[PDB]
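Note sheet for the following structure.
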Amino acid sequence: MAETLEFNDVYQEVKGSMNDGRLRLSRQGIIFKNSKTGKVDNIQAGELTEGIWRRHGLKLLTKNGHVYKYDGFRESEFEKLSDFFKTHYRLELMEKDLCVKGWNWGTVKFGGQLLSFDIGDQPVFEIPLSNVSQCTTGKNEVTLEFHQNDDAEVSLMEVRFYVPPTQXXXXXXXXXXXXXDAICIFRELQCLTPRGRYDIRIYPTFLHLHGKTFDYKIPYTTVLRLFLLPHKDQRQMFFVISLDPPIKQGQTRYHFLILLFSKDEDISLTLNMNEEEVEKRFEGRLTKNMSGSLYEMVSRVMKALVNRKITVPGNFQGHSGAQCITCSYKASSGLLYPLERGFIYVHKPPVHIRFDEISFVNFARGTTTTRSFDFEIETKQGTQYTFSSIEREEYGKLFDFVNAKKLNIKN
Amino acid sequence: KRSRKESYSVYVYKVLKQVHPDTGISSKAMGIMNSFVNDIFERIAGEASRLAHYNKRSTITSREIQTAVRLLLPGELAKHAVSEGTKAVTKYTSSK
Amino acid sequence: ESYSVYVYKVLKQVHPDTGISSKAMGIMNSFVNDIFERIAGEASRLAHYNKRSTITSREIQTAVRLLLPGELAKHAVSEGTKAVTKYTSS
Amino acid sequence: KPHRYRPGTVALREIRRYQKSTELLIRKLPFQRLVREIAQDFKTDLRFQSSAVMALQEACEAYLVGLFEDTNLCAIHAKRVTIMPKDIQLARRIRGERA
Amino acid sequence: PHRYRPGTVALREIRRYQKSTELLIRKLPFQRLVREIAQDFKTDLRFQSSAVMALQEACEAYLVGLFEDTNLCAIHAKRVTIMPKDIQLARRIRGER
Amino acid sequence: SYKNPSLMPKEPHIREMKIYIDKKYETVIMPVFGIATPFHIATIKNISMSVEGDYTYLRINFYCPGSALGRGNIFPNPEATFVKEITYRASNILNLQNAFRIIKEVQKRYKXXXXXXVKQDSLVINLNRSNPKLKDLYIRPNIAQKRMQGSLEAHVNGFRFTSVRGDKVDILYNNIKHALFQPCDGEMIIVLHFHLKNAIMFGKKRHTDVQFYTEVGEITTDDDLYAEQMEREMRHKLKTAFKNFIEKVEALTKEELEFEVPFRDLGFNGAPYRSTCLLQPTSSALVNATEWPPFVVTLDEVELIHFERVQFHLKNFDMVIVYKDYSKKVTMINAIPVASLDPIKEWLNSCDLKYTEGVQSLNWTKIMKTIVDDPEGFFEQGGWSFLXXXXXXXXXXXXXXXXXXXXXXXXXXXXXXXXXXX
Amino acid sequence: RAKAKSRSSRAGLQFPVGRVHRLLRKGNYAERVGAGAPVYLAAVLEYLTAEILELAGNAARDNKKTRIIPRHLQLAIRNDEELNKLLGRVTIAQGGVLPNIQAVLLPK
Amino acid sequence: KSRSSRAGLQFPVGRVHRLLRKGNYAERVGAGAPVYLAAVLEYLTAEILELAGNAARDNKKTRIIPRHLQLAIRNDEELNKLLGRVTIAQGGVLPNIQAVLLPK
Amino acid sequence: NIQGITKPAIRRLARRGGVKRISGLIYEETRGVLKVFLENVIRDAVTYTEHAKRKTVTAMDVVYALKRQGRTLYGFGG
Amino acid sequence: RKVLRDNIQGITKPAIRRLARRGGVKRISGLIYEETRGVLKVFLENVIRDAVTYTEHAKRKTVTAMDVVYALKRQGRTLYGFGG
DNA sequence: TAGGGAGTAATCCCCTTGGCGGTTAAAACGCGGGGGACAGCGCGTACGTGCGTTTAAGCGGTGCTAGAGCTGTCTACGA
DNA sequence: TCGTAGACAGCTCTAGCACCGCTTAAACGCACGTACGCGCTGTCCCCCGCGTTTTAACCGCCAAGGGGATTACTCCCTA
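Chain order of the listed sequences is H, D, L, E, A, G, C, K, B and F.
Mapping of the first sequence onto PDB author numbering: residues 1 to 55, 60 to 184, 197 to 427, in sequence order.
With positions in the second sequence counted from 1, the corresponding number in PDB author numbering is that position plus 29.
With positions in the third sequence counted from 1, the corresponding number in PDB author numbering is that position plus 34.
With positions in the fourth sequence counted from 1, the corresponding number in PDB author numbering is that position plus 36.
With positions in the fifth sequence counted from 1, the corresponding number in PDB author numbering is that position plus 37.
Mapping of the sixth sequence onto PDB author numbering: residues 511 to 581, 584 to 605, 616 to 639, 646 to 750, 761 to 960, in sequence order.
With positions in the seventh sequence counted from 1, the corresponding number in PDB author numbering is that position plus 10.
With positions in the eighth sequence counted from 1, the corresponding number in PDB author numbering is that position plus 14.
With positions in the ninth sequence counted from 1, the corresponding number in PDB author numbering is that position plus 24.
With positions in the tenth sequence counted from 1, the corresponding number in PDB author numbering is that position plus 18.
Written out as structure tokens, the structure reads:
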């Protein structure tokens with residue numbers, strides 16, 4: 001049969017705006033050598049069973069479950085490639101164009117590697133398991149997480165349907181989703209941002225916040241510097257995490273995690289990893305089993321997973337052995353814990369201040385001994401942090417500690 | 030050497046019996062009313078002192094006390110107190 | 035009358051480089067009359083209370099520390115007693 | 037059982053019961069010890085009237101009643117059951133002892 | 038075509054008018070209302086208008102303190118839409134009721 | 511959207527990955543994984559954007575159960593699976619914000635395209657000798673932004689408010705339910721209100737409460763007593779010309795259209811319109827025709843009456859007009875006088891409604907949805923005996939030693955040692 | 011002189027004239043006071059206290075308790091318009107409260 | 015020759031003492047009481063004049079205005095604590111920038 | 025003429041109040057409490073003004089009225 | 019006789035609770051408690067201060083209920099019955 | 001400038017300040033635990049805001065009657 | 001209880017209302033844009049209540065005592 005009718009400029013849409021490649025043809029098969037990846041694709045005389053003539061191009065349906073979305077073909081390619089087909093393939097390229105209705109009433113049908121959302125015998129997608137990243141179900145909205153390959157153009161990210169909750173059915177291929197392996201297990205840790213109690217399980221390169229309603233992943237991109245903070249009475253040990261990047265909820269983000277742990281969160285933690293494996297993996301900071309708390313051995317694990325040291329909390333005691341006092345800021349009473357490279361707040365919200373941003377501190381001097389002094393900070397980025405209602409025996413020590421950090425003073 | 034303690038108790042005690050003979054009493058209520066009347070006496074007398082200074086007047090008529098009542102407390106019952114007091118003033122100022 | 039002559043003279047003693055509005059002088063003589071009559075009425079009360087006929091600085095000091103306790107009151111008492119002692123020296 | 041009621045309906049009955057009543061709730065001995073304590077914290081030489089003690093308990097529990105009405109009427113606009121000090125902060129604020 | 042976004046204008050008006058001492062309602066409908074309420078008991082009430090401006094400033098400042106307390110009620114609600122319920126609340130906690 | 515395959519991508523936006531909005535086809539072309547699908551505007555809820563720097567994020571909600579069906585049923589096929597939302601991303605080197623903001627006016631003109639369309649019959653004018661033709665009448669709802677003036681002309685099955693513009697507002701007799709006539713008996717307006725049965729399309733909108741007043745007010749911004767003679771004489775001559783208009787339309791309506799007289803004997807200052815003005819009964823209605831709008835109620839479709847908030851120092855309380863029609867929504871009249879409570883109560887006894895009060899309140903539309911579960915079945919569930927009280931599960935009071943102590947104070951026998959003064 | 015007859019009866023009252031006249035001389039309220047004016051004061055206070063004790067005895071009869079308790083006095087001062095508004099800042103020794111009840115606090 | 019000279023006071027002991035003669039607050043007048051009174055008046059006078067000079071130099075002006083005095087009220091809350099409901103002609107308030115009303 | 029106070033003057037007062045989103049029933053509530061404070065001061069000042077045997081009203085009536093209720097102004101006399 | 023301590027902290031939870039139930043409060047987090055200990059107390063210290071200002075004026079070591087009366091009327095915190 | 005006012009002297013006397021041996025009763029701990037307290041959807045309905053004009057304010061000026069300020073002479077009621 | 005503090009009769013002054021006129025600005029308003037209050041939903045959560053102990057508040061009675069209530073001279077202050 002015919003050797004080639006070569007294309008070097010036509011798209012194969014591979015999970016978003018995936019640009020042109022190299023569509024050579026061979027005497028039994030069809031060769032795609034992409035202009036970005038270079039992977040060699042061969043669809044032979046036994047694989048090609050259909051090519052959808054939708055907008060046009062050879063949207064080739066093999067019986068692989070795979071949809072080889074060759075695209076960039078004019079209407080004149082409807083026959084001159086079919087003349088390529090006319091020896092052995094002899095393909096009836098269907099005209100449709102199945103769903104221009106703009107109308108959503110149709111059926112979700114689990115394909116084995118694909119998924120159809122049919123609108124009157126003419127579906128809208130058969131986007132494969134290879135071209136989805138993750139898939140969870142819901143009630144009544146199945147969450148399809150299409151994590152795009154970093155395209156600066158229009159990039160589809162999340163899709164969900166009205167799927168009735170597997171009514172006399174089941175999540176077939178939805179259960180056949182990708183695996184994002198748990199090592200260490202931190203269940204029912206009490207978190208303040210968000211308010212409640214959730215779960216944590218540690219994966220080799222990231223983690224998963226597990227729980228009921230708002231429960232997500234923790235990449236090691238998020239962890240950037242370990243923040244270990246005590247309590248002012250030491251009955252607790254706060255643990256606040258610079259979630260940078262912030263994970264999201266569906267409306268807003270999670271910029272900083274506050275974990276309220278008592279002093280009595282005490283348990284030995286089983287890192288389920290060998291001692292020869294952590295010297296590879298953790299650079300000599302954990303072995304397998306060190307006893308401790310849900311704070312102490314946790315923060316050992318966290319320092320290992322960030323592979324980064326601690327911005328030391330404020331060990332400067334203000335007054336009467338407390339780390340600091342609760343104070344009014346952003347209409348929230350919370351603990352202003354100093355840091356090695358800034359400050360941290362609790363519990364509304366996780367306001368992390370840097371020392372290398374502060375232009376100066378400045379004062380709003382109140383009157384009454386029942387917390388009227390106010391301690392604002394103007395940073396060089398313009399981010400002002402105006403802390404209200406501070407005492408006297410504590411603010412005078414805060415003054416000395418600020419001058420120890422040489423944060424300048426305006427009045 | 031006598032030094033007798035002084036209050037105003039038997040008056041309102043008898044008027045209590047004038048309108049409620051059956052109703053008993055507490056000295057608790059007696060302290061209530063004595064504290065009350067010394068309070069209100071002080072209030073209206075000090076306001077009369079104020080306004081006599083304000084009118085630049087060495088004297089205080091019951092014009093002064095009438096407006097001190099009506100200013101200091103409203104009410105048709107206050108007007109009835111004005112009526113009763115005006116009655117007793119026209120009584121004793123007629124030497125009756 | 036007013037103390038506005040005396041208030042203006044005390045002004046041009048302690049802050050001679052300071053102009054003044056008439057409403058500022060009205061503020062001045064306003065709290066002059068106010069706090070003067072406050073102290074005068076409370077000292078009259080305390081003259082009535084402990085069966086007293088004439089008034090000295092003890093009752094005025096007491097009326098101050100009733101009205102304003104604190105350290106401004108302490109230096110007020112100090113200045114008052116030293117001015118009374120200066121009057122007492124002749 | 038021991039039959040647990042609605043946790044507060046019996047306390048509602050107690051609220052209705054004691055708001056009918058007019059008596060004290062602070063016992064005399066630690067109260068008087070507080071009086072001697074704080075008075076000598078100001079200044080020593082304390083010969084006391086017990087009449088002054090009872091008038092003080094009346095005055096302080098009346099101030100308590102002012103705090104109670106401020107608390108519960110903010111709790112009207114709190115639309116909540118558990119109590120916040122913010123209520124009392126606004127109570128002193130609109131009261132004007134500190135603002 | 039620009040249409041100014043609200044709130045920052047209100048910030049400028051907080052910085053200007055809470056600082057300033059000047060009258061918002063104009064003087065003559067005010068004075069007309071003053072003599073209007075004055076007639077309700079007695080005729081022939083000539084007014085030294087300095088007293089009228091004094092009571093104007095006094096009542097307006099009372100209103101401003103009431104606005105403060107009403108905004109305290111609003112932030113206690115953690116809300117921004119104002120109710121006269123909150124205003125009477127501010128009255129009774131102020132001690133009018 | 512499109513019902514034609516020949517309704518193609520007019521530009522294939524797969525060649526740009528460019529989002530596109532198409533109001534003329536009432537659709538929107540969106541690159542759904544290289545499939546620039548058109549989408550109906552009636553299949554989409556809304557859209558919003560979140561900035562993070564360059565790679566922003568767009569949520570796009572669609573009409574679905576939970577969004578348009580509920581999880584109303586103008587698309588009643590929920591078990592056919594829909595789409596709920598999708599989410600785009602775009603960096604910044616865009617036009618996506620520009621096509622984003624278009625959806626607003628797209629849905630504006632699209633629901634404008636979804637117009638509601646009560647156009648009355650063209651009235652046969654009868655310019656005869658017995659034609660009640662009454663000048664100087666002020667319609668509200670006004671046609672222009674100003675107060676429109678005109679002249680009312682009566683006929684055999686309608687009125688003709690010939691405007692100053694000449695726009696003949698025809699008021700059919702089979703349209704009016706409640707004709708109202710507030711006099712100027714001390715009033716500032718004397719109205720010919722005609723509450724209709726239809727929301728009729730005139731001016732700009734569809735109206736049922738249409739009133740025709742003439743303001744004769746006194747104090748404005750511009761001993762002899764002859765201007766008051768002028769005022770009394772003009773009010774009386776205008777009102778007696780209006781009574782002539784009444785007795786002449788009663789020569790045309792033949793006493794079939796009730797000019798319902800205000801029962802100002804049972805008058806009060808209530809507020810279901812939440813503006814306390816003169817509220818007083820009529821034939822089958824309380825009315826507030828002294829202002830805008832006039833109050834129109836039907837006493838006839840009222841099952842019973844619950845008074846609300848009848849409690850100490852509640853001078854301004856409410857009342858539930860429990861209708862027979864619970865699809866007819868219930869108004870709560872603010873500022874009901876405690877003094878005017880009992881006369882309206884015995885007037886409800888004249889409406890064959892035994893006077894039943896109460897203090898408690900609830901969501902009343904919830905109770906409307908509760909009673910339409912079963913009308914007589916809710917009546918089995920206590921019914922409106924629920925409005926008062928019907929047993930409980932508790933004790934009572936049960937007190938203890940609530941009595942005066944014997945050792946309690948009683949300064950009876952004080953002292954006889956008493957005297958006068960010097 | 012003659013017998014010191016009761017000028018209380020010359021006002022038709024209980025209260026002493028020269029005693030309250032001594033009180034006004036003691037309080038230093040002015041240089042002088044018109045003669046019927048303290049008598050006017052005493053009569054007004056007598057009427058006021060009379061209204062008070064009348065309504066207090068009414069509320070005590072509502073309690074059916076002859077011996078006066080301060081809760082008689084408490085519901086007396088609470089259950090008024092005019093003097094209730096006038097006497098706000100005053101509390102009562104062993105007074106009691108207003109036992110307020112909220113049905114919105116009551117479950118359904 | 016006046017008693018303000020013997021007491022070293024700025025305020026007239028003659029005028030205050032004559033107003034106490036027109037006062038009749040008590041029976042007689044102990045002559046050290048108006049001396050002590052005018053001394054405390056001079057004390058608080060110099061106090062508020064120093065406060066006014068400080069508020070004028072913090073606003074870079076010379077004429078004493080009740081806006082500076084209102085800044086002394088609203089900012090030195092000892093004065094507003096002693097004078098709660100007592101108000102000031104042409105004073106204003108603080109444009110009190112609260113925490114929630116700011117962005118971020 | 026309680027509507028002699030313009031709703032924009034009220035908005036001026038309310039941004040001088042620093043209060044943002046304002047219901048329509050706020051305005052007449054504020055007008056009522058305005059009239060209350062107003063009429064109390066007016067009642068008392070007029071009462072002494074009648075007692076002061078004069079017709080032309082000075083600011084000493086304002087002094088005495090604001091004095092008695094403790095709403096006292098500085099700047100004018102006392 | 020005793021070190022002046024630990025009596026405001028000697029105030030028990032359910033006494034405060036009884037006060038708040040005649041106060042009519044329905045359910046309370048304790049953190050209010052110590053708050054109240056300071057505020058009423060200081061006000062109490064205030065009037066004790068005022069009483070000190072009377073009693074040092076009164077030339078006595080005795081403390082009467084009279085000074086309480088003078089304070090409470092100068093407080094605005096008015097009370098009858100206990101008029102001495 | 002004299003006669004009333006506050007202080008030192010003597011004698012006695014009431015309350016409570018301390019405190020133990022008893023009484024009983026208010027309160028904290030252990031633990032279930034559930035009815036109440038607080039953070040996302042969601043939306044639509046009340047609130048903030050450009051252009052036209054629509055009418056209110058009051059100053060540029062002057063008249064004016066009358067309540068109020070100042071002066072001379074005078075009489076009766078609380079101290 | 002005496003004598004002077006307002007009272008009464010005049011003598012003279014200036015201030016907000018009345019009047020004519022026009023420009024400049026506060027404000028209704030109307031549709032457009034907007035944003036968060038309340039209900040629903042879900043997710044907790046900390047004192048209420050029951051058992052139990054347990055340790056503190058308070059009367060009888062003792063035991064005196066001490067600063068204050070009471071009355072007498074004696075030197076001192078002011079309009």
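Where a beta carbon is used, it is the ideal one built from N, C-alpha and C, also for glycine.
Look at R211 (chain H) here: in three-state DSSP terms it is strand. Around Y565 (chain G), the same chain offers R601 and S603 as residues with beta carbons nearer than 6 Å, after the five sequence neighbours per side are excluded. Boundaries around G67 (chain C) are those of the alpha helix (DSSP H), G46 to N73, since no beta strand (DSSP E) includes it. Shown in chain order are the members of the region 60–83 of chain F whose Cβ falls below 9 Å from a Cβ of chain E: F61, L62, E63, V65, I66, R67, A69, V70, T73, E74, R78, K79, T80, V81, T82 and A83. By the Cβ rule, the region 33–40 of chain D does not count as touching the region 371–383 of chain H, because fewer than three pairs are nearer than 8 Å. Contact of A70 (chain C) with chain E by beta-carbon distance below 9 Å is absent, the smallest such distance being about 14 Å.
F272 (chain H) places its beta carbon less than 8 Å from that of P365 (chain H). If you look at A33 (chain F), you'll find it in the alpha helix (DSSP H) that goes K31 to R40. Under a criterion of Cβ atoms nearer than 7 Å, no residue of chain F is adjacent to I89 (chain D); the nearest Cβ is some 23 Å distant. Scanning C:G37, C:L51 and C:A52 for the CA closest to the CA of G75 (chain L) turns up C:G37. Annotation: the continuous beta strand (DSSP E) that includes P541 (chain G) extends over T537 to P541.
Within the region 144–166 of chain H, contact with chain G at the beta-carbon level (separation under 7 Å) is assigned to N144, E145, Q152, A156, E157, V158, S159, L160, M161, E162, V163, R164, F165 and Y166.
Shown here is that no member of the region 33–60 of chain K has a Cβ falling below 7 Å from a Cβ of chain A. Secondary structure of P913 (chain G) (DSSP, three-state): helix. At a cut-off of 8 Å between beta-carbon atoms, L45 (chain L) makes contact with chain K. Among the residues facing chain B, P26 (chain K) is not included, as its CB has no counterpart in that chain under 8 Å away. When DSSP assignments are scanned along the region 76–118 of chain E, the uninterrupted stretches of alpha helix (DSSP H) that are 4 or more residues long and fall wholly within it turn out to be 86–114.
About 12 Å separates the beta carbons of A98 (chain E) and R40 (chain F), which is beyond the 8 Å limit, so they are not a contact pair. Secondary structure of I531 (chain G) (DSSP, three-state): strand.
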